[PDB]
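Listing of coords09.cif; format and content: mmCIF, C-alpha atoms and all ligand atoms.
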```cif
data_query
loop_
_atom_site.label_atom_id
_atom_site.label_comp_id
_atom_site.auth_asym_id
_atom_site.auth_seq_id
_atom_site.Cartn_x
_atom_site.Cartn_y
_atom_site.Cartn_z
CA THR A 2 17.62 13.81 12.95
CA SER A 3 18.05 14.28 9.20
CA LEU A 4 16.11 13.09 6.15
CA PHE A 5 19.28 11.74 4.55
CA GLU A 6 20.66 9.87 7.57
CA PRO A 7 20.11 6.12 8.16
CA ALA A 8 17.05 4.69 9.93
CA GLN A 9 15.92 1.39 11.44
CA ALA A 10 12.57 -0.23 10.65
CA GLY A 11 12.21 -3.49 12.54
CA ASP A 12 14.76 -5.92 11.13
CA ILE A 13 15.21 -3.64 8.12
CA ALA A 14 18.01 -1.08 7.97
CA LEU A 15 17.48 1.98 5.77
CA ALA A 16 20.37 3.93 4.24
CA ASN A 17 18.30 7.12 4.37
CA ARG A 18 14.83 8.36 5.30
CA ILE A 19 13.48 8.90 1.78
CA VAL A 20 10.91 6.23 0.92
CA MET A 21 9.43 5.28 -2.44
CA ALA A 22 5.66 5.08 -2.00
CA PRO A 23 3.82 2.11 -3.56
CA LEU A 24 2.78 2.97 -7.13
CA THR A 25 0.71 0.72 -9.38
CA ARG A 26 1.89 1.14 -12.98
CA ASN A 27 0.01 -1.70 -14.68
CA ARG A 28 3.05 -2.97 -16.57
CA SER A 29 3.26 -6.66 -15.65
CA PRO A 30 1.16 -8.67 -18.17
CA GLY A 31 0.13 -12.09 -16.87
CA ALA A 32 0.60 -10.91 -13.28
CA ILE A 33 4.32 -11.59 -13.65
CA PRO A 34 7.23 -9.16 -13.10
CA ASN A 35 9.53 -8.81 -16.12
CA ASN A 36 12.83 -7.28 -17.21
CA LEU A 37 11.45 -3.79 -17.87
CA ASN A 38 10.08 -3.83 -14.32
CA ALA A 39 13.51 -4.81 -13.00
CA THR A 40 15.23 -1.87 -14.71
CA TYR A 41 12.56 0.49 -13.38
CA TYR A 42 13.08 -0.60 -9.76
CA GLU A 43 16.88 -0.79 -10.04
CA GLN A 44 16.99 2.83 -11.25
CA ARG A 45 15.42 3.86 -7.95
CA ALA A 46 17.52 1.65 -5.66
CA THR A 47 19.13 4.69 -3.98
CA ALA A 48 15.95 5.07 -1.92
CA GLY A 49 16.25 4.15 1.75
CA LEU A 50 13.29 1.85 1.30
CA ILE A 51 11.35 0.86 -1.80
CA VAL A 52 7.72 -0.08 -1.33
CA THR A 53 6.58 -2.01 -4.40
CA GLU A 54 3.29 -1.43 -6.18
CA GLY A 55 0.32 -3.29 -4.72
CA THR A 56 0.75 -7.02 -5.26
CA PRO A 57 -2.28 -9.30 -4.78
CA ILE A 58 -1.85 -12.39 -2.60
CA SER A 59 -4.23 -14.28 -4.87
CA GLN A 60 -6.21 -13.92 -8.10
CA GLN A 61 -9.25 -13.20 -5.93
CA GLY A 62 -7.27 -10.26 -4.54
CA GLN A 63 -6.69 -8.84 -8.03
CA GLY A 64 -8.67 -5.79 -9.06
CA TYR A 65 -6.88 -4.40 -12.13
CA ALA A 66 -5.30 -5.65 -15.37
CA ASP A 67 -1.53 -6.21 -15.80
CA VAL A 68 -0.80 -6.10 -12.07
CA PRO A 69 2.06 -8.30 -10.73
CA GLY A 70 1.03 -10.94 -8.19
CA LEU A 71 2.55 -13.33 -5.66
CA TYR A 72 0.36 -16.32 -6.50
CA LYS A 73 2.53 -17.66 -9.33
CA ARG A 74 5.90 -19.45 -9.36
CA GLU A 75 6.92 -17.35 -12.35
CA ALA A 76 5.87 -14.24 -10.44
CA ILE A 77 8.09 -15.15 -7.51
CA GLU A 78 11.00 -15.75 -9.89
CA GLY A 79 10.33 -12.41 -11.58
CA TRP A 80 10.33 -10.72 -8.17
CA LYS A 81 13.58 -12.47 -7.24
CA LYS A 82 15.37 -10.76 -10.13
CA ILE A 83 14.11 -7.37 -8.98
CA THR A 84 15.05 -7.78 -5.31
CA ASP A 85 18.45 -9.07 -6.41
CA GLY A 86 18.95 -5.98 -8.55
CA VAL A 87 17.86 -3.63 -5.77
CA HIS A 88 20.01 -5.40 -3.17
CA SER A 89 23.10 -5.30 -5.41
CA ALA A 90 22.84 -1.50 -5.55
CA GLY A 91 22.58 -1.50 -1.76
CA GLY A 92 18.86 -0.75 -1.60
CA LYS A 93 16.06 -2.15 0.56
CA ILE A 94 12.70 -3.38 -0.75
CA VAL A 95 9.36 -4.47 0.76
CA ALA A 96 6.37 -6.03 -0.98
CA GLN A 97 2.95 -4.44 -0.57
CA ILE A 98 0.71 -7.49 -0.27
CA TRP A 99 -2.74 -6.65 -1.56
CA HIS A 100 -6.40 -7.64 -1.57
CA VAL A 101 -8.82 -5.33 -3.40
CA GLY A 102 -12.06 -6.72 -1.96
CA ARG A 103 -15.15 -5.30 -3.68
CA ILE A 104 -13.00 -3.19 -6.03
CA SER A 105 -12.68 -5.72 -8.85
CA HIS A 106 -14.35 -7.29 -11.89
CA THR A 107 -15.66 -10.78 -12.71
CA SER A 108 -13.19 -11.27 -15.57
CA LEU A 109 -10.25 -10.86 -13.17
CA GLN A 110 -11.77 -13.22 -10.60
CA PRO A 111 -11.30 -17.02 -10.60
CA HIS A 112 -14.14 -18.98 -12.25
CA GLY A 113 -15.57 -15.58 -13.21
CA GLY A 114 -16.70 -15.18 -9.61
CA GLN A 115 -18.06 -12.16 -7.76
CA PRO A 116 -15.58 -9.95 -5.88
CA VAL A 117 -15.62 -10.57 -2.12
CA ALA A 118 -16.38 -8.11 0.66
CA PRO A 119 -17.54 -7.86 4.30
CA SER A 120 -21.00 -6.92 3.01
CA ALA A 121 -22.59 -7.32 -0.41
CA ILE A 122 -22.60 -3.64 -1.41
CA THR A 123 -21.56 -2.62 -4.92
CA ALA A 124 -19.09 0.25 -5.31
CA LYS A 125 -19.25 3.19 -7.71
CA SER A 126 -15.72 2.61 -9.00
CA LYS A 127 -13.68 1.81 -12.11
CA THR A 128 -11.33 -0.99 -13.17
CA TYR A 129 -8.74 -1.75 -15.87
CA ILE A 130 -9.86 -4.73 -17.94
CA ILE A 131 -7.57 -5.97 -20.70
CA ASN A 132 -9.17 -6.77 -24.06
CA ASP A 133 -7.48 -9.77 -25.73
CA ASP A 134 -4.07 -8.13 -26.32
CA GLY A 135 -5.43 -5.45 -26.56
CA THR A 136 -6.61 -3.00 -25.45
CA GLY A 137 -10.02 -2.00 -24.04
CA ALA A 138 -10.02 -1.18 -20.32
CA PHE A 139 -12.36 0.88 -18.11
CA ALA A 140 -15.43 -0.81 -16.60
CA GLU A 141 -17.65 -0.59 -13.52
CA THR A 142 -16.72 -2.71 -10.52
CA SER A 143 -18.79 -5.89 -10.23
CA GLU A 144 -21.47 -6.83 -7.71
CA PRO A 145 -19.76 -8.43 -4.68
CA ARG A 146 -20.75 -11.34 -2.44
CA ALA A 147 -20.57 -11.27 1.35
CA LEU A 148 -17.79 -13.25 3.05
CA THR A 149 -18.60 -16.24 5.26
CA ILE A 150 -16.54 -17.14 8.33
CA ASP A 151 -14.84 -19.95 6.41
CA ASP A 152 -14.01 -17.53 3.58
CA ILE A 153 -12.18 -15.20 5.96
CA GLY A 154 -10.05 -18.06 7.27
CA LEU A 155 -9.05 -18.87 3.70
CA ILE A 156 -8.10 -15.26 2.99
CA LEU A 157 -6.01 -15.20 6.17
CA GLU A 158 -4.32 -18.33 4.83
CA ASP A 159 -3.72 -16.58 1.51
CA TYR A 160 -2.06 -13.74 3.44
CA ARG A 161 0.24 -16.29 5.09
CA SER A 162 1.26 -17.68 1.69
CA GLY A 163 1.83 -14.19 0.30
CA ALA A 164 4.14 -13.31 3.18
CA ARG A 165 6.03 -16.58 2.66
CA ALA A 166 6.18 -15.96 -1.09
CA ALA A 167 7.67 -12.51 -0.49
CA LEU A 168 10.62 -13.84 1.53
CA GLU A 169 11.11 -16.59 -1.05
CA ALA A 170 11.21 -13.78 -3.62
CA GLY A 171 14.02 -12.19 -1.62
CA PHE A 172 12.07 -9.28 -0.14
CA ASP A 173 13.32 -7.67 3.07
CA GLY A 174 9.75 -7.56 4.35
CA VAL A 175 6.10 -6.92 3.50
CA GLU A 176 3.75 -3.97 3.77
CA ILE A 177 0.17 -4.98 4.54
CA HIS A 178 -2.14 -2.91 2.33
CA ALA A 179 -4.92 -1.65 4.61
CA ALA A 180 -5.58 1.66 2.87
CA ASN A 181 -7.47 3.38 0.03
CA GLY A 182 -10.79 1.60 0.49
CA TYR A 183 -9.75 -2.00 -0.17
CA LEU A 184 -10.57 -5.29 1.58
CA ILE A 185 -9.25 -4.45 5.06
CA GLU A 186 -10.62 -0.90 4.81
CA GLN A 187 -13.96 -2.39 3.81
CA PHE A 188 -14.10 -4.18 7.17
CA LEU A 189 -12.89 -1.13 9.10
CA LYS A 190 -15.25 1.56 7.83
CA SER A 191 -18.97 1.77 8.62
CA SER A 192 -20.33 2.40 5.10
CA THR A 193 -18.95 -0.91 3.79
CA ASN A 194 -19.41 -3.08 6.90
CA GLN A 195 -23.00 -3.97 7.78
CA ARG A 196 -22.20 -7.41 9.19
CA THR A 197 -24.10 -8.82 12.17
CA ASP A 198 -21.38 -11.14 13.51
CA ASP A 199 -18.02 -10.81 15.29
CA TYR A 200 -16.64 -8.72 12.42
CA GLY A 201 -19.38 -6.08 12.45
CA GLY A 202 -20.88 -3.42 14.68
CA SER A 203 -18.46 -2.24 17.35
CA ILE A 204 -15.04 -0.70 16.71
CA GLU A 205 -13.45 -3.76 18.30
CA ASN A 206 -15.45 -5.99 15.94
CA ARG A 207 -14.63 -3.92 12.86
CA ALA A 208 -10.90 -3.85 13.65
CA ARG A 209 -10.78 -7.63 14.13
CA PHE A 210 -9.98 -8.57 10.53
CA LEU A 211 -7.05 -6.15 10.27
CA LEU A 212 -5.48 -7.53 13.45
CA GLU A 213 -6.05 -11.12 12.33
CA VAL A 214 -4.26 -10.36 9.06
CA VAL A 215 -1.37 -8.70 10.91
CA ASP A 216 -1.10 -11.60 13.36
CA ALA A 217 -1.15 -14.19 10.56
CA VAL A 218 1.52 -12.33 8.55
CA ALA A 219 3.75 -11.68 11.57
CA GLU A 220 3.57 -15.33 12.61
CA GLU A 221 4.88 -16.38 9.19
CA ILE A 222 7.76 -13.95 8.63
CA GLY A 223 8.20 -12.15 11.94
CA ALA A 224 6.84 -8.89 13.34
CA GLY A 225 10.12 -7.09 12.64
CA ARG A 226 9.64 -7.70 8.93
CA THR A 227 5.98 -6.65 8.91
CA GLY A 228 4.56 -3.20 8.24
CA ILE A 229 1.19 -1.75 7.31
CA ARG A 230 -0.28 1.14 5.34
CA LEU A 231 -3.25 3.15 6.64
CA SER A 232 -5.34 6.04 5.30
CA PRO A 233 -7.81 7.33 7.95
CA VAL A 234 -9.64 9.96 5.90
CA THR A 235 -9.26 8.81 2.29
CA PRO A 236 -12.50 8.74 0.26
CA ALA A 237 -10.96 6.43 -2.37
CA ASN A 238 -13.18 3.78 -3.97
CA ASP A 239 -16.60 4.84 -2.65
CA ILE A 240 -15.68 4.35 1.03
CA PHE A 241 -17.02 6.48 3.90
CA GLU A 242 -16.36 6.58 7.65
CA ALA A 243 -18.49 8.60 10.08
CA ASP A 244 -16.06 8.73 13.02
CA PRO A 245 -12.47 7.94 11.93
CA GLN A 246 -10.70 9.17 15.08
CA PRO A 247 -11.94 6.66 17.69
CA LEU A 248 -11.75 3.87 15.10
CA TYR A 249 -8.19 4.59 13.96
CA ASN A 250 -6.88 5.50 17.43
CA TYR A 251 -8.02 2.05 18.55
CA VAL A 252 -6.30 0.33 15.63
CA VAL A 253 -2.84 1.81 16.40
CA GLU A 254 -3.13 1.03 20.12
CA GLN A 255 -3.50 -2.60 19.11
CA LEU A 256 -0.65 -2.23 16.61
CA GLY A 257 1.63 -0.69 19.25
CA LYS A 258 1.56 -4.02 21.07
CA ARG A 259 2.47 -5.95 17.92
CA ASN A 260 6.19 -5.08 17.65
CA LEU A 261 5.73 -4.00 14.02
CA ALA A 262 8.51 -2.76 11.75
CA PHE A 263 6.72 0.34 10.45
CA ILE A 264 3.42 2.19 10.05
CA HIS A 265 2.86 3.89 6.69
CA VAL A 266 0.30 6.69 6.99
CA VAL A 267 -1.47 8.54 4.17
CA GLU A 268 -2.20 12.05 5.45
CA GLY A 269 -5.32 13.50 3.86
CA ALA A 270 -7.18 12.34 0.76
CA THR A 271 -4.98 10.10 -1.38
CA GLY A 272 -3.88 12.28 -4.27
CA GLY A 273 -6.11 14.92 -2.73
CA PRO A 274 -6.18 17.66 -0.06
CA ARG A 275 -4.24 16.86 3.13
CA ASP A 276 -6.91 18.50 5.30
CA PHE A 277 -9.69 16.32 3.89
CA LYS A 278 -12.38 15.22 6.34
CA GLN A 279 -15.16 12.72 5.65
CA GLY A 280 -16.99 13.31 8.92
CA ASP A 281 -18.01 16.35 10.94
CA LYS A 282 -14.68 16.68 12.76
CA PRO A 283 -11.15 16.89 11.26
CA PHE A 284 -8.63 14.10 11.92
CA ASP A 285 -5.87 14.71 14.48
CA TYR A 286 -2.63 13.14 13.22
CA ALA A 287 -0.58 14.07 16.31
CA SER A 288 -3.18 12.35 18.49
CA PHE A 289 -3.17 9.43 16.04
CA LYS A 290 0.61 8.98 16.31
CA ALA A 291 0.58 9.35 20.10
CA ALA A 292 -1.98 6.55 20.47
CA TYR A 293 0.58 4.32 18.76
CA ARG A 294 3.56 5.60 20.78
CA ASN A 295 1.72 5.40 24.12
CA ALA A 296 0.77 1.77 23.48
CA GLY A 297 4.49 1.04 23.16
CA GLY A 298 4.84 1.29 19.39
CA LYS A 299 8.49 1.42 18.34
CA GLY A 300 7.84 0.96 14.63
CA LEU A 301 9.18 3.47 12.11
CA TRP A 302 6.62 6.20 11.42
CA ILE A 303 6.37 6.85 7.67
CA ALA A 304 4.28 9.76 6.36
CA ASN A 305 2.98 10.45 2.86
CA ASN A 306 0.98 12.77 0.55
CA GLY A 307 1.87 16.21 -0.78
CA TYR A 308 5.40 16.40 0.62
CA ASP A 309 8.02 18.62 -1.02
CA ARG A 310 11.73 18.99 -0.22
CA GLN A 311 11.23 21.70 2.42
CA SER A 312 8.26 20.02 4.09
CA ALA A 313 9.94 16.60 4.21
CA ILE A 314 13.08 18.02 5.80
CA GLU A 315 11.21 19.93 8.51
CA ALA A 316 9.01 16.95 9.39
CA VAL A 317 11.95 14.62 10.08
CA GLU A 318 14.09 17.23 11.87
CA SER A 319 11.13 18.20 14.07
CA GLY A 320 10.48 14.52 14.70
CA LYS A 321 6.84 14.69 13.63
CA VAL A 322 7.65 11.78 11.33
CA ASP A 323 10.47 9.24 11.15
CA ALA A 324 10.54 9.09 7.35
CA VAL A 325 8.80 10.53 4.27
CA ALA A 326 7.37 8.66 1.27
CA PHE A 327 7.12 10.25 -2.17
CA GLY A 328 4.91 8.83 -4.91
CA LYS A 329 4.66 11.00 -8.03
CA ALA A 330 8.13 12.47 -7.43
CA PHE A 331 9.74 9.02 -7.54
CA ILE A 332 7.90 8.32 -10.79
CA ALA A 333 9.47 11.38 -12.42
CA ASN A 334 12.88 11.20 -10.72
CA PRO A 335 14.71 7.87 -10.43
CA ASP A 336 17.60 9.60 -8.67
CA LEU A 337 15.33 11.52 -6.30
CA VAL A 338 17.58 10.91 -3.28
CA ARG A 339 20.60 12.54 -4.91
CA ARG A 340 18.59 15.51 -6.21
CA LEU A 341 17.07 16.33 -2.81
CA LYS A 342 20.48 16.31 -1.13
CA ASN A 343 21.85 18.63 -3.83
CA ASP A 344 18.76 20.88 -3.87
CA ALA A 345 18.73 20.24 -7.63
CA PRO A 346 15.65 20.90 -9.82
CA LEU A 347 13.20 18.01 -10.24
CA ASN A 348 11.71 16.32 -13.30
CA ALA A 349 7.95 16.63 -13.70
CA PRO A 350 5.74 13.51 -13.94
CA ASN A 351 3.54 12.87 -16.96
CA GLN A 352 -0.04 11.95 -15.95
CA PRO A 353 -1.03 10.14 -19.19
CA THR A 354 1.81 7.61 -18.79
CA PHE A 355 1.08 6.68 -15.16
CA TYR A 356 -0.85 3.50 -16.02
CA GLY A 357 -0.29 0.95 -18.77
CA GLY A 358 2.06 1.18 -21.73
CA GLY A 359 5.79 0.59 -22.04
CA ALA A 360 9.12 2.27 -21.36
CA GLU A 361 7.82 5.78 -22.06
CA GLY A 362 6.93 7.55 -18.82
CA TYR A 363 8.34 4.60 -16.92
CA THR A 364 12.04 3.84 -17.44
CA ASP A 365 12.86 6.79 -19.71
CA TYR A 366 12.95 9.50 -17.02
CA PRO A 367 16.46 11.04 -17.00
CA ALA A 368 18.72 10.94 -13.95
CA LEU A 369 21.14 13.72 -12.97
CA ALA A 370 24.33 14.45 -14.88
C1 LIG A 401 0.04 6.22 -10.36
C2 LIG A 401 -0.23 5.98 -8.91
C3 LIG A 401 -0.27 4.68 -8.42
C4 LIG A 401 -0.51 4.45 -7.07
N1 LIG A 401 -0.56 3.16 -6.58
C5 LIG A 401 -0.67 2.90 -5.23
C6 LIG A 401 -0.56 1.61 -4.72
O1 LIG A 401 -0.36 0.65 -5.47
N2 LIG A 401 -0.68 1.39 -3.36
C7 LIG A 401 -0.89 2.45 -2.51
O2 LIG A 401 -1.00 2.24 -1.30
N3 LIG A 401 -0.98 3.74 -3.00
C8 LIG A 401 -0.87 3.97 -4.36
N4 LIG A 401 -0.91 5.26 -4.84
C9 LIG A 401 -0.80 6.35 -3.82
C10 LIG A 401 0.64 6.77 -3.59
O3 LIG A 401 1.37 5.71 -3.03
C11 LIG A 401 0.72 7.97 -2.66
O4 LIG A 401 -0.16 7.78 -1.57
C12 LIG A 401 0.39 9.30 -3.33
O5 LIG A 401 -0.82 9.29 -4.05
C13 LIG A 401 1.54 9.72 -4.24
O6 LIG A 401 1.54 11.12 -4.30
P1 LIG A 401 2.50 11.92 -3.30
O7 LIG A 401 3.93 11.82 -3.77
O8 LIG A 401 2.07 13.36 -3.31
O9 LIG A 401 2.38 11.34 -1.92
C14 LIG A 401 -0.70 5.52 -6.19
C15 LIG A 401 -0.66 6.83 -6.69
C16 LIG A 401 -0.42 7.06 -8.04
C17 LIG A 401 -0.36 8.46 -8.57
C1 LIG A 402 -3.30 0.77 -6.41
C2 LIG A 402 -4.21 1.92 -6.69
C3 LIG A 402 -4.57 2.74 -5.70
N1 LIG A 402 -4.17 2.66 -4.50
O1 LIG A 402 -4.14 1.49 -3.73
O2 LIG A 402 -3.80 3.69 -3.97
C4 LIG A 402 -4.76 2.20 -8.06
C5 LIG A 402 -4.70 1.25 -9.07
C6 LIG A 402 -5.21 1.54 -10.33
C7 LIG A 402 -5.79 2.78 -10.61
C8 LIG A 402 -5.84 3.73 -9.61
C9 LIG A 402 -5.32 3.44 -8.34
#
```

As structure tokens, the full file:
Amino acid sequence: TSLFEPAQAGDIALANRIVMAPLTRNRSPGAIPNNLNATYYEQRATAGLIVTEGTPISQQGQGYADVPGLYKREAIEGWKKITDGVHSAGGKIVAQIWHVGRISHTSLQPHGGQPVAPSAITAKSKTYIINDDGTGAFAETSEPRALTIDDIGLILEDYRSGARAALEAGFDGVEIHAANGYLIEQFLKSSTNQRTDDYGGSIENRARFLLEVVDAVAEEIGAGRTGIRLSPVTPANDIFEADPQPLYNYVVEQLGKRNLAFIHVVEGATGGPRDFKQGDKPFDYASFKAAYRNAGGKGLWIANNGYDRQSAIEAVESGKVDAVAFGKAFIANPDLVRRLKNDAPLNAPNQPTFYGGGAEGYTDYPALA
């Protein structure tokens, strides 16, 4: 198998095995995708699969300023232009439906409400908050409130709408965001979940919300158009897990029965060391993948974090992974697929222009000659 040869992810056909990781850029004021966003995505349409930046299923799911959503008619129309552009170039695109959970601020929330979480525990984290026009930004995450049983049902319903909205926006599928210490992760990990009901305590109880979200989304748009992103050992957004292995091995066993399109896995700390361990014992990724395969999982296995050209090629040829997702490299190189095939030198990303701003450090990265 080769990194540049076609792949199959559920109902979605990929031209190659190079995937664009989801990357929040904070460049959609009013939570609506615009023309500059369309150009940016169309430049990168040569990717086998494009995973969009995190897109909240509701305002409650929002946690940062200028982030495109799926809860507006205008936002769906904006997304329709982008998926049309990507499809015209022969590319494939999936929406990363998002809910931040406790990682948010009151100003972003409806009615100025508290962010929602499995348990009412405040996080030591930061947020982008726009200041009139503005700008201001940078604030502590707000004090959250604990979710009732009725609240969870309503969030599941918001996930159903988001999945429907994505297909209406012309997306090939969705990627459920269950990584980097957000709402689903908050239920999964011990440090955030101190509930005393069916969603707390045991591994089976902690995994329940994730599976309910998956089942709701798959019922709406089909399992073959549904994927999910996981990050077993990430410390992002004040989250901690004592024993990730038995917890995450259980999750993929359940997912292997679900007929999912793909499983996107962040190996190591997100934007950090790949060998990172929160607990006493290091995570076993080969064991992790096998727990999925043994349960009957046929979904495309997509790996991420710290991959270069050499490492990505070896991983696919060895069959350790089905595909590889690049984040910062796709920011700097719109024509990343062509460069990798040619073994051509790569543009370097500019950290200061990652979040907020305009065309600079966004659509002005040069392609190959
Ligand atoms: C600017 C930036 C924005 C990111 N936004 C998201 C996101 O919206 N959703 C997500 O799951 N991961 C997000 N990440 C993580 C990347 O998708 C990916 O896991 C990794 O950090 C990119 O670096 P890599 O190419 O070495 O894998 C983001 C990373 C960066 C640097
Ligand atoms: C979207 C995301 C992280 N993530 O899910 O990986 C992020 C958004 C704003 C600032 C920093 C990070």

Let me see if you get this right: every residue at most 7 Å from ligand LIG 401 (chain A), counting only C-alpha atoms and all ligand atoms, written as a compact mmCIF listing (two decimals) with C-alpha atoms, in the coordinates of the input.
```txt
# COMPACT_ATOMS: atom_id res chain seq x y z
CA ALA A 22 5.66 5.08 -2.00
CA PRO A 23 3.82 2.11 -3.56
CA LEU A 24 2.78 2.97 -7.13
CA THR A 25 0.71 0.72 -9.38
CA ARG A 26 1.89 1.14 -12.98
CA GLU A 54 3.29 -1.43 -6.18
CA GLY A 55 0.32 -3.29 -4.72
CA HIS A 178 -2.14 -2.91 2.33
CA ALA A 180 -5.58 1.66 2.87
CA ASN A 181 -7.47 3.38 0.03
CA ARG A 230 -0.28 1.14 5.34
CA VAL A 267 -1.47 8.54 4.17
CA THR A 271 -4.98 10.10 -1.38
CA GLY A 272 -3.88 12.28 -4.27
CA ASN A 305 2.98 10.45 2.86
CA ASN A 306 0.98 12.77 0.55
CA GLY A 307 1.87 16.21 -0.78
CA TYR A 308 5.40 16.40 0.62
CA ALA A 326 7.37 8.66 1.27
CA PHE A 327 7.12 10.25 -2.17
CA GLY A 328 4.91 8.83 -4.91
CA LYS A 329 4.66 11.00 -8.03
CA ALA A 330 8.13 12.47 -7.43
CA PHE A 355 1.08 6.68 -15.16
CA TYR A 356 -0.85 3.50 -16.02
```

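Shortest separation to ligand LIG 402 (chain A) among A:205, A:221, A:78, A:67 occurs at residue A:67, atoms counted being only C-alpha atoms and all ligand atoms.
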
For this session: Name the closest residue to ligand LIG 402 (chain A) among the candidates A:342, A:100, A:282, A:258; distances are taken between atoms, counting only C-alpha atoms and all ligand atoms.
Result: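 Residue with the minimum atom-to-atom distance to ligand LIG 402 (chain A): A:100.
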
For this session: Please identify all polymer residues within 6 Å of residue A:19, counting only C-alpha atoms, omitting same-chain residues fewer than 5 positions from it, and present them as a ChimeraX atom specification.
Result: /A:48-49,325

Exercise. For ligand LIG 402 (chain A), which residue out of A:265, A:82, A:127, A:103 is the nearest one, using only C-alpha atoms and all ligand atoms?
Worked result: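 Selected residue with least distance to ligand LIG 402 (chain A): A:127.
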
Exercise. Which one of A:184, A:91, A:252, A:4 sits closest to residue A:206 if you count only C-alpha atoms?
Worked result: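 Distance minimum relative to residue A:206 lands on A:252.
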
Problem set entry | Of the listed residues A:83, A:121, A:217, A:301, that which approaches residue A:37 most closely, counting all atoms listed in the file |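 Ranked by minimum distance to residue A:37, first place goes to A:83.
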
For this session: Mind checking which residues fall within 7 Å of residue A:98, counting all atoms listed in the file, ignoring those fewer than 5 positions away in the same chain, and posting them as a list in words?
Result: residues 55, 56, 57, 58, 163, 175, 176, 177 and 178 of chain A

Problem set entry | Who sits within 10 Å of stretch 149-152 of chain A, only C-alpha atoms, same chain under 2 positions skipped, as a PyMOL selection string | chain A and resi 117-120+146-147+154-158+198-200

For this session: Just the residues within 12 Å of residue A:27, please, counting all atoms listed in the file, with nothing from its chain fewer than 3 positions along; format it as a PyMOL selection string.
Result: chain A and resi 24+30-35+38+54-56+63-70+128-131+138+354-360+363

For this session: May I ask for the distance between atom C1 of ligand LIG 402 (chain A) and atom CA of residue A:101, given in Å to one decimal place?
Result: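 Pair atom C1 of ligand LIG 402 (chain A) / atom CA of residue A:101 returns 8.8 Å.
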
For this session: Rank nothing, just name the residue among A:364, A:343, A:232, A:143 nearest to ligand LIG 402 (chain A), using all atoms listed in the file.
Result: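 Going through A:364, A:343, A:232, A:143 one by one, the smallest distance to ligand LIG 402 (chain A) is for A:232.
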
Quick one: axis-aligned box around all listed atoms of stretch 25-44 of chain A, 5 Å on every side, centre and edge lengths in Å to one decimal, written as lines of an AutoDock Vina configuration file.
```
center_x = 8.5
center_y = -4.6
center_z = -13.8
size_x = 27.0
size_y = 24.9
size_z = 18.8
```

For this session: Kindly give the distance, in Å, that separates atom CA of residue A:159 and atom CA of residue A:72, rounded to a single decimal.
Result: 9.0 Å

For this session: List every protein, DNA or RNA residue that has an atom no more than 10 Å from (-13.5, 15.0, 3.9) in the file's coordinate frame, counting all atoms listed in the file, and report them as a count of residues only.
Result: 19

For this session: Give as a PyMOL selection string each residue that has an atom at most 8 Å from (-0.9, -11.6, 8.2) in the file, counting all atoms listed in the file.
Result: chain A and resi 157+160-161+164+177+213-221

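Across the structure, atom CA of residue A:133 and atom CA of residue A:183 are spaced 26.8 Å apart.
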
Could you write stretch 135-159 of chain A of the block just shown to a file containing C-alpha atoms, as a PDB file, in the first residue's frame?
```pdb
ATOM      1  CA  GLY A 135     -12.165  44.736  17.717  1.00  0.00           C
ATOM      2  CA  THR A 136     -10.002  43.350  19.130  1.00  0.00           C
ATOM      3  CA  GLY A 137      -9.364  42.180  22.710  1.00  0.00           C
ATOM      4  CA  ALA A 138      -9.248  38.396  23.147  1.00  0.00           C
ATOM      5  CA  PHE A 139      -7.704  36.136  25.811  1.00  0.00           C
ATOM      6  CA  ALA A 140      -9.722  35.320  28.942  1.00  0.00           C
ATOM      7  CA  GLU A 141     -10.138  32.528  31.488  1.00  0.00           C
ATOM      8  CA  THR A 142     -12.755  29.869  30.791  1.00  0.00           C
ATOM      9  CA  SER A 143     -15.983  30.400  32.729  1.00  0.00           C
ATOM     10  CA  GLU A 144     -17.448  28.424  35.626  1.00  0.00           C
ATOM     11  CA  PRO A 145     -19.537  25.561  34.180  1.00  0.00           C
ATOM     12  CA  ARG A 146     -22.833  24.016  35.260  1.00  0.00           C
ATOM     13  CA  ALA A 147     -23.469  20.278  35.496  1.00  0.00           C
ATOM     14  CA  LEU A 148     -25.653  18.654  32.833  1.00  0.00           C
ATOM     15  CA  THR A 149     -29.020  17.139  33.737  1.00  0.00           C
ATOM     16  CA  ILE A 150     -30.425  14.062  31.981  1.00  0.00           C
ATOM     17  CA  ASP A 151     -32.786  16.254  29.948  1.00  0.00           C
ATOM     18  CA  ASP A 152     -29.862  18.484  28.938  1.00  0.00           C
ATOM     19  CA  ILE A 153     -27.964  15.525  27.479  1.00  0.00           C
ATOM     20  CA  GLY A 154     -30.966  14.519  25.374  1.00  0.00           C
ATOM     21  CA  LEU A 155     -31.074  18.042  23.961  1.00  0.00           C
ATOM     22  CA  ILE A 156     -27.365  17.969  23.111  1.00  0.00           C
ATOM     23  CA  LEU A 157     -27.843  14.615  21.380  1.00  0.00           C
ATOM     24  CA  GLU A 158     -30.623  16.295  19.404  1.00  0.00           C
ATOM     25  CA  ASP A 159     -28.275  19.157  18.537  1.00  0.00           C
TER      26      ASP A 159
END
```
